[PDB]
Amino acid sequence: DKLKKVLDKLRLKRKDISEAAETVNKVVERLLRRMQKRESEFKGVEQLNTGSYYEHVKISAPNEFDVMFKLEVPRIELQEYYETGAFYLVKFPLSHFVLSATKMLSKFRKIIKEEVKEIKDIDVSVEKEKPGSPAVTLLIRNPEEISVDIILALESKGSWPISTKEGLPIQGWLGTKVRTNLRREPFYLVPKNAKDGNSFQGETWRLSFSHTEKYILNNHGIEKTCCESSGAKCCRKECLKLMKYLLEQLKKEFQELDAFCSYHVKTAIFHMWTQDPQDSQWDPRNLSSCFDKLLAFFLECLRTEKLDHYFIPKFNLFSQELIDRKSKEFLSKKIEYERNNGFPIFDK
């Protein structure tokens, strides 16, 4: 009852969707164009739209879009970086860049900034670089604020790295045929651009499965008909939206929650969808029970300090090395509070 009303608030409006989309489409097409017919090191970069807006789980407003400019590359000798599972060195046009991640992303960002300087019909700037991010982020105002993440990615057509062999455990849910075919797709690398002052950080890329997460979001039933015109609606995505919203409201209020992002909710719910594969475990009439069991799952994750990357099982997103024990214990208290008092944070 309450939760249906929250979801009506979170719904994007069809007019807001078309106004933001045509501006975003304008800038992205023009930037993609500058990469090609202009003989750059990125000639042949291709576009792949990723993230919440294209998965149809964007909440509140259409104000943040995610785009991959992916580039196919051949002699890619990979070499796992110090057992982290998700970070890698790359070895063997691009002779201008070991293939250095910062070196390559710098030229990518120089080109974009240049072309953004030559855009006279939209209010669009390049956000100052965030050490920690693989993105070049645009800030558009038309007039409302829209941020766009342009993510450079290497594309490799080889088999997936050893560290993912036990990942993507969809066999009881989406099945073994879906899994084998998914793993026949390419995989993608992106910059680790964090200034932790640590080791090989500057040449380290990171695995990306944004194309696989997109498929799963739109092929999310054990039944082929789930959420189709001739099937039965489930509420899996509405739980993602509600869990994503509770963390947006908690991050807006407390800076002690700065280390948490939507990807932590996303990974948590991928495990929940695998734990509870049956589409009837997600009946719209049980929206409350499902949201509450997801909350509980996410609290068990904070209590055990354990949230494994859905595709890279040995890479713990909640390790002491990324998030303080106290930050997790903090988030836990605020979730339990919202939980056990009917979610006051939703009414503001």
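Here the rigid core means the biggest group of C-alpha atoms that line up within 1.5 Å when the two forms are laid on top of each other. Just count from 1 along the sequence shown to find any residue number.
- Message: Fitting on the rigid core only, I'd like to know which of the two stretches, 115 to 123 or 250 to 258, ends up farther away in Cα terms in 7 other deposited structures of this protein.
- Response: The stretch that sits farther from the shown form in 7 other deposited structures of this protein is 115 to 123.
- Query: Is the larger C-alpha RMS shift in 7 other deposited structures of this protein, relative to this form with the rigid core superposed, found in 73 to 81 or in 228 to 236?
  - Reply: Higher average C-alpha offset in 7 other deposited structures of this protein goes to 73 to 81.
- Task: Using none, 1 to 3, 4 to 9 or 10 or more, say how many deposited residues go missing between residue 263 and residue 264.
- Result: Going from residue 263 to residue 264, the model skips no residues of the deposited sequence.
- Message: Residues without coordinates, deposited sequence, stretch from residue 92 to residue 93: is the count none, 1 to 3, 4 to 9, or 10 or more?
- Response: Missing residues, residue 92 to residue 93: 4 to 9.
- Query: Do the C-alpha atoms of 116 to 124 or of 268 to 276 have the higher average B factor in the entry?
  - Reply: The stretch with the larger average C-alpha B-factor is 116 to 124.
- Query: Looking at the deposited entry, does 193 to 201 or 170 to 178 carry the larger mean Cα B-factor?
  - Reply: Higher of the two, by average CA B-factor, is 193 to 201.
- Query: Which is it among 35, 68, 312, 307: the one with the largest CA B-factor in the entry?
  - Reply: So the option with the highest C-alpha B-factor is 35.
- Of the choices 322, 61, 27, 294, which one's C-alpha carries the largest B-factor in the record? Of 322, 61, 27, 294, 322 has the highest C-alpha B-factor.
- How does residue 234 rank on Cα B-factor within its chain, lowest, middle or highest third? Lowest third, going by the recorded CA B-factors of the chain.
- For residue 51, return the chain-relative third of its C-alpha B-factor as stated in the PDB record: lowest, middle or highest. For residue 51, whose C-alpha B-factor we compare with every modelled residue in the chain, the answer is the lowest third.
- Item | Lowest, middle or highest third - CA B-factor, residue 82 | Within its chain, residue 82 is a highest-third residue by C-alpha B-factor, going by the deposited values.
- Task: Looking at the entry's B-factor column for C-alpha atoms only, identify whether residue 133 ranks in the lowest, middle or highest third of its chain.
- Result: It falls in the top third of the chain.
- Query: In terms of the chain's CA B-factor thirds, is residue 245 lowest, middle or highest?
  - Reply: Within its chain, residue 245 is a middle-third residue by C-alpha B-factor, going by the deposited values.
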